[PDB]
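Trainee: The following block contains the structure, expressed as structure tokens.
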Protein chains: 4
Amino acid sequence: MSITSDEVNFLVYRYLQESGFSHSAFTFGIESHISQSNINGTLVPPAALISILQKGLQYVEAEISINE
Amino acid sequence: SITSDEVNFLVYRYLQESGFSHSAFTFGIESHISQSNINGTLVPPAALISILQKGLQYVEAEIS
Amino acid sequence: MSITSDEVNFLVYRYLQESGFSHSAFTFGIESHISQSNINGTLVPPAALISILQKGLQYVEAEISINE
Amino acid sequence: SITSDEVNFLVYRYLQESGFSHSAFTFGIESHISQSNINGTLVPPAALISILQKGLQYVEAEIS
């Protein structure tokens, strides 16, 4: 399920916004050229970066536990 | 379950490694990225990306 | 009437704030170490940078006009 | 009488010349420092400082 640069940038950008990192969000939106990203912001849920990251951890725990 | 500081360091490292100098600078401060208790040594390059990769594999396992 | 680095930094910082340059103000406050400046913000009037700059221009106009 | 864009370019140039990289970057955007109609050539280094210097001489002439 290959992930693109623009995707992670969107997840990060939205994380900065939601966490109240107003100044970082602004700076990152520009540096990452987020305006030029082809992603629909309205279809991205809140805490998305937090959610995937949480699942990423659990997935790795599952890989170790079966071979544990 | 991950914590705010852990997530913050992940995005912070990503920002540095991705060459987002000005974002890295501003976010280091706004986060108070230290003052927090994380050892940079135990977090490898692309860790944010890597954990996200495993997270999409998990989501692809839930719709299956 | 010698002017110091911290002084001009304060004038600029306050200009960014007042003009609504929220993100610049934040970034500059940090870069210029404005927290470490020995200046009393409460005794600095609004549009101070704009005012001095305006007077700076008028002063130069006066220097040219008498020799004009 | 000076204009918003003129003041903005002055502070912008000052930010660059003073090595405030991250401020210069953020302020270039937030200002929309161009999109505005100023020729960099006709504005010398330290122009912000210089005009401020003359402004304090003027204020010192008013209390006198």
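Each chain of the structure tokens is named A, B, ... in the order shown, its residues numbered from 1; ligands are numbered from 1 in display order.
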Could you pull out the residues in chain A that DSSP calls helix (DSSP H, G or I) from the backbone, as a JSON list (two decimals) with N, CA and C atoms, in the first residue's frame?
Mentor:
[["chain", "number", "residue", "atom", "x", "y", "z"],
["A", 5, "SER", "N", 5.07, 11.12, -0.84],
["A", 5, "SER", "CA", 5.55, 12.29, -0.10],
["A", 5, "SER", "C", 4.41, 13.23, 0.27],
["A", 6, "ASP", "N", 3.59, 13.58, -0.72],
["A", 6, "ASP", "CA", 2.47, 14.50, -0.52],
["A", 6, "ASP", "C", 1.51, 14.00, 0.55],
["A", 7, "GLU", "N", 1.33, 12.68, 0.62],
["A", 7, "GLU", "CA", 0.45, 12.07, 1.61],
["A", 7, "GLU", "C", 0.93, 12.34, 3.02],
["A", 8, "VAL", "N", 2.16, 11.93, 3.32],
["A", 8, "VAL", "CA", 2.74, 12.15, 4.65],
["A", 8, "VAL", "C", 2.78, 13.64, 5.01],
["A", 9, "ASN", "N", 3.12, 14.48, 4.03],
["A", 9, "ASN", "CA", 3.07, 15.93, 4.21],
["A", 9, "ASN", "C", 1.70, 16.43, 4.61],
["A", 10, "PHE", "N", 0.67, 15.86, 4.01],
["A", 10, "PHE", "CA", -0.69, 16.24, 4.35],
["A", 10, "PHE", "C", -1.04, 15.82, 5.77],
["A", 11, "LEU", "N", -0.64, 14.60, 6.13],
["A", 11, "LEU", "CA", -0.86, 14.06, 7.47],
["A", 11, "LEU", "C", -0.17, 14.89, 8.55],
["A", 12, "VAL", "N", 1.08, 15.28, 8.27],
["A", 12, "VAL", "CA", 1.85, 16.14, 9.16],
["A", 12, "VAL", "C", 1.22, 17.53, 9.25],
["A", 13, "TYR", "N", 0.95, 18.14, 8.10],
["A", 13, "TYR", "CA", 0.34, 19.47, 8.06],
["A", 13, "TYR", "C", -0.93, 19.50, 8.90],
["A", 14, "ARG", "N", -1.81, 18.53, 8.68],
["A", 14, "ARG", "CA", -3.04, 18.42, 9.44],
["A", 14, "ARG", "C", -2.82, 18.14, 10.91],
["A", 15, "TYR", "N", -1.72, 17.46, 11.24],
["A", 15, "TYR", "CA", -1.36, 17.23, 12.65],
["A", 15, "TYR", "C", -0.95, 18.53, 13.35],
["A", 16, "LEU", "N", -0.14, 19.34, 12.67],
["A", 16, "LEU", "CA", 0.28, 20.63, 13.21],
["A", 16, "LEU", "C", -0.92, 21.53, 13.46],
["A", 17, "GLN", "N", -1.83, 21.60, 12.49],
["A", 17, "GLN", "CA", -3.06, 22.38, 12.61],
["A", 17, "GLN", "C", -3.85, 21.95, 13.84],
["A", 18, "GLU", "N", -4.21, 20.67, 13.88],
["A", 18, "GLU", "CA", -5.08, 20.13, 14.92],
["A", 18, "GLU", "C", -4.47, 20.22, 16.32],
["A", 22, "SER", "N", 0.15, 26.50, 15.23],
["A", 22, "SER", "CA", -0.26, 27.48, 14.23],
["A", 22, "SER", "C", 0.88, 27.94, 13.34],
["A", 23, "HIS", "N", 2.03, 28.22, 13.94],
["A", 23, "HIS", "CA", 3.15, 28.80, 13.22],
["A", 23, "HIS", "C", 3.87, 27.76, 12.37],
["A", 24, "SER", "N", 4.03, 26.56, 12.91],
["A", 24, "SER", "CA", 4.62, 25.44, 12.18],
["A", 24, "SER", "C", 3.76, 25.08, 10.98],
["A", 25, "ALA", "N", 2.45, 24.92, 11.22],
["A", 25, "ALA", "CA", 1.50, 24.65, 10.15],
["A", 25, "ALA", "C", 1.69, 25.61, 8.99],
["A", 26, "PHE", "N", 1.73, 26.91, 9.29],
["A", 26, "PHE", "CA", 1.91, 27.94, 8.26],
["A", 26, "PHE", "C", 3.20, 27.75, 7.48],
["A", 27, "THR", "N", 4.30, 27.59, 8.22],
["A", 27, "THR", "CA", 5.62, 27.45, 7.62],
["A", 27, "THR", "C", 5.71, 26.18, 6.78],
["A", 28, "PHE", "N", 5.11, 25.10, 7.28],
["A", 28, "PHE", "CA", 5.14, 23.82, 6.59],
["A", 28, "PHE", "C", 4.28, 23.80, 5.34],
["A", 29, "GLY", "N", 3.11, 24.41, 5.41],
["A", 29, "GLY", "CA", 2.22, 24.52, 4.27],
["A", 29, "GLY", "C", 2.96, 25.09, 3.07],
["A", 30, "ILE", "N", 3.84, 26.05, 3.34],
["A", 30, "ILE", "CA", 4.61, 26.73, 2.30],
["A", 30, "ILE", "C", 5.77, 25.87, 1.83],
["A", 31, "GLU", "N", 6.60, 25.41, 2.77],
["A", 31, "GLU", "CA", 7.78, 24.59, 2.45],
["A", 31, "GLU", "C", 7.42, 23.30, 1.71],
["A", 34, "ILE", "N", 2.03, 22.60, 0.06],
["A", 34, "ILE", "CA", 0.80, 21.87, 0.33],
["A", 34, "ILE", "C", -0.38, 22.30, -0.57],
["A", 35, "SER", "N", -0.38, 23.57, -0.97],
["A", 35, "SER", "CA", -1.37, 24.09, -1.91],
["A", 35, "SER", "C", -1.34, 23.33, -3.24],
["A", 36, "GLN", "N", -0.18, 22.79, -3.57],
["A", 36, "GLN", "CA", 0.04, 22.08, -4.83],
["A", 36, "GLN", "C", -0.21, 20.57, -4.71],
["A", 41, "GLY", "N", -8.65, 17.43, 1.45],
["A", 41, "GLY", "CA", -8.56, 17.63, 2.89],
["A", 41, "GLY", "C", -9.82, 17.27, 3.65],
["A", 42, "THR", "N", -10.96, 17.42, 2.98],
["A", 42, "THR", "CA", -12.26, 17.17, 3.60],
["A", 42, "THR", "C", -12.50, 15.68, 3.89],
["A", 43, "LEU", "N", -11.85, 14.80, 3.13],
["A", 43, "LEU", "CA", -11.99, 13.35, 3.32],
["A", 43, "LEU", "C", -10.94, 12.74, 4.24],
["A", 48, "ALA", "N", -5.51, 11.74, 12.07],
["A", 48, "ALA", "CA", -5.17, 10.71, 11.10],
["A", 48, "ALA", "C", -3.73, 10.23, 11.25],
["A", 49, "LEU", "N", -2.79, 11.17, 11.35],
["A", 49, "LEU", "CA", -1.39, 10.82, 11.57],
["A", 49, "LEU", "C", -1.22, 10.05, 12.87],
["A", 50, "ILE", "N", -1.92, 10.49, 13.92],
["A", 50, "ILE", "CA", -1.88, 9.83, 15.22],
["A", 50, "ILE", "C", -2.44, 8.41, 15.12],
["A", 51, "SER", "N", -3.51, 8.25, 14.34],
["A", 51, "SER", "CA", -4.20, 6.97, 14.19],
["A", 51, "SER", "C", -3.35, 5.93, 13.46],
["A", 52, "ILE", "N", -2.81, 6.32, 12.31],
["A", 52, "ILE", "CA", -1.98, 5.43, 11.49],
["A", 52, "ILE", "C", -0.73, 5.02, 12.26],
["A", 53, "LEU", "N", -0.14, 6.00, 12.94],
["A", 53, "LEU", "CA", 1.07, 5.80, 13.72],
["A", 53, "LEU", "C", 0.82, 4.79, 14.83],
["A", 54, "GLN", "N", -0.34, 4.92, 15.48],
["A", 54, "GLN", "CA", -0.78, 3.99, 16.51],
["A", 54, "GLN", "C", -0.92, 2.58, 15.95],
["A", 55, "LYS", "N", -1.55, 2.48, 14.78],
["A", 55, "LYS", "CA", -1.71, 1.20, 14.09],
["A", 55, "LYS", "C", -0.37, 0.62, 13.63],
["A", 56, "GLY", "N", 0.52, 1.50, 13.16],
["A", 56, "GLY", "CA", 1.88, 1.12, 12.80],
["A", 56, "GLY", "C", 2.61, 0.43, 13.93],
["A", 57, "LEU", "N", 2.46, 0.97, 15.14],
["A", 57, "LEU", "CA", 3.05, 0.38, 16.35],
["A", 57, "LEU", "C", 2.44, -0.99, 16.68],
["A", 58, "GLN", "N", 1.11, -1.06, 16.66],
["A", 58, "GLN", "CA", 0.40, -2.30, 16.95],
["A", 58, "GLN", "C", 0.74, -3.40, 15.95],
["A", 59, "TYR", "N", 0.83, -3.03, 14.67],
["A", 59, "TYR", "CA", 1.23, -3.97, 13.63],
["A", 59, "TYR", "C", 2.60, -4.59, 13.94],
["A", 60, "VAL", "N", 3.57, -3.76, 14.34],
["A", 60, "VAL", "CA", 4.91, -4.25, 14.67],
["A", 60, "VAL", "C", 4.90, -5.16, 15.91],
["A", 61, "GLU", "N", 4.05, -4.82, 16.88],
["A", 61, "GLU", "CA", 3.86, -5.64, 18.08],
["A", 61, "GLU", "C", 3.32, -7.03, 17.73],
["A", 62, "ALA", "N", 2.44, -7.08, 16.73],
["A", 62, "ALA", "CA", 1.87, -8.34, 16.23],
["A", 62, "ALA", "C", 2.92, -9.22, 15.54],
["A", 63, "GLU", "N", 3.84, -8.58, 14.82],
["A", 63, "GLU", "CA", 4.90, -9.28, 14.08],
["A", 63, "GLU", "C", 5.90, -9.92, 15.04],
["A", 64, "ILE", "N", 6.16, -9.26, 16.16],
["A", 64, "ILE", "CA", 7.06, -9.78, 17.19],
["A", 64, "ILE", "C", 6.39, -10.85, 18.07],
["A", 65, "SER", "N", 5.11, -10.64, 18.39],
["A", 65, "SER", "CA", 4.38, -11.50, 19.33],
["A", 65, "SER", "C", 4.16, -12.94, 18.83],
["A", 66, "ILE", "N", 3.89, -13.10, 17.53],
["A", 66, "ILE", "CA", 3.70, -14.43, 16.91],
["A", 66, "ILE", "C", 5.02, -15.23, 16.84],
["A", 67, "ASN", "N", 6.14, -14.51, 16.73],
["A", 67, "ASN", "CA", 7.48, -15.11, 16.74],
["A", 67, "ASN", "C", 8.14, -15.04, 18.13]]
Trainee: As a list in words, could you give me every residue of chain B near chain C (at most 9 Å apart, counting only C-alpha atoms)?
Mentor: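 Here they are: residues 25, 26 and 29 of chain B.
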Trainee: Pick out the residues sitting within 12 Å of residue B:28, and hand them over as a list in words; count only C-alpha atoms, and ignore anything fewer than 6 positions along from it in its own chain.
Mentor: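 The neighbour list is residues 21, 23 and 24 of chain A; 5, 8, 9, 10, 11, 12, 13, 14, 15, 16, 20, 21, 22, 34, 35 and 36 of chain B; 27 and 30 of chain C.
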Trainee: Just give me the gap between atom CA of residue B:18 and atom CA of residue B:58 in Å, one decimal is fine.
Mentor: 25.0 Å
